[PDB]
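Colleague: Okay, here's the structure, questions in a sec.
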Ligand SMILES: Cc1ncc(C[n+]2csc(CCOP(=O)(O)OP(=O)(O)O)c2C)c(N)n1
Ligand SMILES: Cc1ncc(C[n+]2csc(CCOP(=O)(O)OP(=O)(O)O)c2C)c(N)n1
Ligand SMILES: [Mg+2]
Ligand SMILES: [Mg+2]
């Protein structure tokens, strides 16, 4: 029953020491949680044998260089079981020490409740929101193939220094989350041979026994996708685990899924196989009882036998040696491929090739009205050729997002090629399907895996579908790029389910997400330029683009875009010491109203400054000297214009300012009717400027 | 090719029916050609199916679209709105030919995507892919639970409350994560009366689906536990109708029917392409199509009299079905006077006498109590008195306090577990780790009938369910989202879990009321107001703390119901004496407001404390009330909230202060976090002082 599943099956090399190492994992987890009084001990206990096998034996990595280019990557998607990762990091010499384990979940420690990228050496990604790690792992896998395309394409299956695996530990919760279905469905399409996922199937979650909400045959589901699926029984069946792993490595045309049936919190006599093992301290009695069962001293805590540590720390030496062997192959590769090596070096130093931005498109103020999205495609098409690290695509909307670099092929197995798209393994164009959330997660995987630069595209509205991934990117401060088109009622007839209203405010609220909304075709070009150049740091970016055509304007300025907000034209106006009478601040498709109203106000002896604000976050990060030059605090008469809610503009316009906004849902009609009906006209901007003064 | 587009007409089918079908196709083609944008393709290929469902399959009355006993239909592929419109028209539901001629124009009854309440017989707003299907699930669940309340002892199929939910889904719906989650939980709950067609048609916006979709969708459905069947060809009405009766025969598994189809049949050049999906065919293709079907290529919106006469028979059929049904209902009413009284109470949106008589109270100064604990206490107290109130949690019942004490669980008894006994007419919902599906399901429930469902998860994960939440607000229906662990207050789980931008981001959604009780009593008053429907009929997100908070002096039911009210008046005041300063706070930060009020009096500063549990309710109150609470002559204002500042600027104005958190948190206990991030009475007091000196 409970006894059948928790029976050991140790391989031939496995000594008493290995059994002690495992037992050490289990008690360290129980003690670590007991110390702080809250945490997640149960899963760490049952997964000890698996985690042990992965770090000590399965994976290629070097504990003295967690940045080693050629390392296998591990992702703990079940982020609650952070101790699983922390203890291997400690046991194997990765940088964590016993005192870090003893600091679980305390202010500023290297071991927070969920693992954080950059806080701890050896953590490949922040996880915790369930689904995210698995879905991102898919991205990592995809990136490794694309990175292979760029550095060593002609190498043979397995023979490249750039060949490695992505290992993922997922739980029931990961398996239930929609994002995982999406990412898995697409992983199969892309035949990601080097992705190997363990699913800890343990019939437990926070509401205890999973039967109350989970009846599916997950393994069959994965077979349905086109994954390589295996079922292994029992947490202690290291033999079963190791055979599954080798079977998976041998399959190179399908990502692998190994469902491992387990009893949570083994061997806690009373608490195992319960929800309580998942998310609370076991209590002193259950901890003592566990120590007795494994032959540990129930009166001491954080006990680590010298022989155990001496053994596990052998990974340091094994790692070093693997790294030294790998180095010869790499060095050989560098001599054989000086060109591609120079690229690798350019990408790792985060530099761009000379004159990469020389073909940058330009449009003349007054020329034909051009949609900011069409401008983006043109800019992408121009920079493509000059930036091999740039790839990306769309969530089934390539036509509408303008994300296909002109004359680029598609990323995928040739057997997925269609009439419209030719797929090569080292292709450039990404097709995510109608999978925005997985798209988001994938993009974080891509830039976490390596130095490539990927972007993903969909309608602004569906930033709602991918929100948890965007948030996580910002938390991680990594440089993903989300192309969001059809940014307002401007989109017209598709109606209120599609038209964004709250979206810019809600996105601007996310600490560290830069929301970039170019006023016209040239601001667009200057935007990409600033994004790729990394002028404003290394956080995520949402690039907001219109469906409908907008004027090409006078007064646009690269340097000004890169500053976030700048003066598009003062009113003439003007004299030294000549503040303007009123400041109009606008963004994206509403800057043209600011301008036209500046004309209507001069014709009435009112002198208006127009400020284009393509990125409020970049503006706010500029020093006060610059900000007060653009928005002098002595001018209180201010008007903001944006086809979105007022919420995020109040601090900027102050007590006596006005905001021309949309506070309600839209309607199914053409854009011109919509902007008119909702009062997005030069006259309304003018009239607000006038009230701004009284 | 094609044998796919080959007809298979049953034995009753006449020439007329073939004309009826053909009319659907051209009506669709013209209807899009007129306005010059839209989605014609699918509406053409789905014609036979749509025709069969409304004309024949469904039990409904086209002159009472509110008929209690009607089969419900959901077109989850919202873009093919014409498929629903044309059947509404053809079958006498209220739409006329002029409505069809008004597709996608300002204020017409036929917007781009169907809109609940805008058109008679649209059951739900759809358009964001996945939403309709996921909610259909919720509808199915509602019907079961509604049967429990009205006619439980009736026999399988013998109830007037027994009917079906039909759902048309497309490739995009099938790809979307929310669909997976919903489907998976649909099988768990064994929703015998839910029957879904999936238009498997190898086409989406990026042309041929092979570029991003290789899975065997039908297998995947078998894996869940679903009664699956495959039918081949858009024209195979016989296949379709047998599939239909097979599905109705199976009463313990939700049924799924993959229909394989050629998009935009019979458009000679545009069928089977992405261009048939989402643009106007053009004049030639339209012409060509009429020729192929024997229609005048020079006349538009042509509807033969014998066609319409035939299709309109549905009015007559619908009438008699409604009449036969009435006898059973009336029989049922005589047989069940008590349950009829409930149905009547519920339809009139009434609450039983003394329903809020047991409402919990707590004395100011008593043991610190967490606002989530207060919620469960309240829920427990009202459960017995309100049969229509059900719901549960996204695998966090223990942590959300959503189980009504002494309640049973909703599901087949065979999913029962040690912790939860499931009955068919059980009350406690177990969504598992599927927040998005949870959101869509709550919308299904309250759309389907007059029951009142709530759903629970951590505030953080409103991110996972955002597109469902937003769609609820767009429809203005009275869903309820219990969001617990509202801030850094949640402690050691860390920055992936701690909400920062969420209150602001959620407040930004037009029509979502974000209710954050200050203490256990406010919590009780909040529920009272939500269930009373005092503030209208839209969605509510109820924000609750993980950690204990003081029971405060000056809480007031009437004030909560108003959204924002005066909690205390500084001690020094005279009549017509404004306070020196106003402290406005919410939820767990009100205690700081108070405690800084004491520190400010001890310094001869007279401060008003305003609790603002719901800013949207406060904003909806007349200015007389608002100015009574927040007199415009007092500029010296301070807001306090453990979230971002964004939503608070308009309220505190130019010279006010905001005590906010502008960055991500940290993994430590809650007291350390509030201290480190400046959430103390002193910091509130110091900010009051600066405001005065501005
Ligand atoms: C999207 C999301 N929803 C909810 C949570 C809260 N949560 C953390 S772990 C968990 C379920 C635990 O079950 P399982 O995934 O089986 O992990 P186990 O305890 O077996 O290792 C939940 C609901 C979360 N982190 N992310
Ligand atoms: C969540 C979401 N993402 C994207 C869209 C935009 N969109 C509308 S339909 C569609 C895909 C069209 O293909 P499919 O659903 O298979 O419809 P078909 O052409 O077969 O009728 C997309 C991406 C949407 N409406 N909702
Ligand atoms: Mg589990
Ligand atoms: Mg399709």
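We're sticking with Swiss-Prot numbering for chain A, so the shown stretch reads 6-699, in order.
Header says: X-ray crystallography, 2.5 Å.
Cβ atoms here come from the backbone N, Cα and C positions, even for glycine.
As listed in Swiss-Prot for this protein:
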- A:45: site 'Important for catalytic activity' (SITE)
- A:45, A:283, A:378, A:405, A:491, A:499, A:552: substrate binding site (BINDING)
- A:48, A:85, A:133, A:134, A:135, A:178, A:207, A:283, A:467: thiamine diphosphate binding site (BINDING)
- A:177, A:207, A:209: Mg(2+) binding site (BINDING)
- A:283: site 'Important for catalytic activity' (SITE)
- A:441: active site, proton donor (ACT_SITE)
Colleague: By Cβ count within 10 Å, point out the most packed of the recorded positions listed: A:177, A:441, A:499.
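Modeller: By the 10 Å Cβ neighbour count, A:441 comes out on top.
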Colleague: Give the sequence-ordered set of same-chain residues, not counting A:177, A:207, A:209, with Cβ within 8 Å of the centre of the Cβ atoms defining the Mg(2+) site.
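Modeller: In sequence order, the nearby non-listed residues are A:176, A:205, A:206, A:208, A:210, A:215, A:267, A:269, A:283.
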Colleague: How many whole Å apart are the CA atoms of residue A:45 (site 'Important for catalytic activity') and residue A:283 (substrate binding site)?
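Modeller: Residue A:45 (site 'Important for catalytic activity') and residue A:283 (substrate binding site) have their Cα atoms 5 Å apart.
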Colleague: In whole Å, how far does the CA atom of residue A:499 (substrate binding site) lie from that of residue A:467 (thiamine diphosphate binding site)?
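Modeller: The separation of the Cα atoms works out to 14 Å.
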Colleague: Would you mind listing, in sequence order, any of the binding-site residues A:133, A:177, A:283, A:467, A:491, A:499 that have a CB less than 8 A from a CB of chain B?
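Modeller: Going by the Cβ criterion (under 8 Å to chain B), the qualifying binding-site residues are A:133, A:177, A:467, A:499.
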Colleague: Given A:135, A:207, A:491 as the binding-site residues, which ones have a Cβ positioned under 6 Å from some atom of ligand 3?
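Modeller: With ligand 3 as the reference and 6 Å as the Cβ limit, the list reads A:207.
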Colleague: Near ligand 2, meaning Cβ under 6 Å from any of its atoms: which of the binding-site residues A:133, A:207, A:467, A:491 fit that description?
Modeller: A:467
Colleague: What is the biggest Cα to Cα gap, in Å, among A:48, A:85, A:133, A:134, A:135, A:178, A:207, A:283, A:467, the residues listed as binding thiamine diphosphate?
Modeller: 35
Colleague: Around ligand 1, within a Cβ distance of under 6 Å, which of the recorded positions A:45, A:467, A:499 show up?
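Modeller: The recorded positions passing the 6 Å Cβ test: none.
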Colleague: Residues with Cβ closer than 8 Å to the Cβ of residue A:467 (thiamine diphosphate binding site), same chain and 6+ apart in sequence?
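Modeller: Counting only residues 6 or more apart in sequence, the Cβ neighbours of residue A:467 (thiamine diphosphate binding site) under 8 Å are A:400, A:441.
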Colleague: If one measures from the C-alpha of residue A:207 (thiamine diphosphate binding site) to the C-alpha of residue A:177 (Mg(2+) binding site), what distance in angstrom results, rounded to a whole number?
Modeller: 8
Colleague: Which state, by DSSP, holds the residue listed as 'active site, proton donor': helix, strand or coil?
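Modeller: Once the DSSP labels are grouped into three classes, the residue listed as 'active site, proton donor' ends up as helix.
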Colleague: Find the one among the binding-site residues A:177, A:209, A:283, A:491, A:552 whose C-alpha lies closest to that of residue A:48 (thiamine diphosphate binding site).
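Modeller: Looking at Cα distances from residue A:48 (thiamine diphosphate binding site), the smallest one goes to A:283.
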Colleague: For residue A:135 (thiamine diphosphate binding site), write down the residues of its own chain that are at least 6 apart in sequence and whose Cβ falls under 8 Å from its Cβ; none is a fine answer.
Modeller: A:82, A:83, A:84, A:176, A:178, A:179, A:181, A:182
Colleague: Highest Cβ count within 10 Å among the binding-site residues A:283, A:378: which residue is it?
Modeller: A:378
Colleague: Determine, to the nearest whole angstrom, how far the Cα atom of residue A:177 (Mg(2+) binding site) is from the Cα atom of residue A:405 (substrate binding site).
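Modeller: Rounded to a whole number, the Cα-Cα distance is 36 Å.
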Colleague: Tell me, how many other CB atoms lie within 10 A of the CB of residue A:209 (Mg(2+) binding site), whichever protein chain they belong to?
Modeller: 26
Colleague: Would you mind reading off the Cα separation of residue A:133 (thiamine diphosphate binding site) from residue A:283 (substrate binding site), to the nearest angstrom?
Modeller: 14
Colleague: Measuring CB to CB from residue A:405 (substrate binding site), give everything in the same chain under 8 Å that is also at least six residues away in sequence.
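Modeller: In sequence order, A:378, A:399, A:464, A:490, A:491, A:552 meet the Cβ cut-off.
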Colleague: What whole-number Å value do you get for the CA-CA distance of residue A:209 (Mg(2+) binding site) and residue A:283 (substrate binding site)?
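Modeller: Cα to Cα, residue A:209 (Mg(2+) binding site) and residue A:283 (substrate binding site) are separated by 8 Å.
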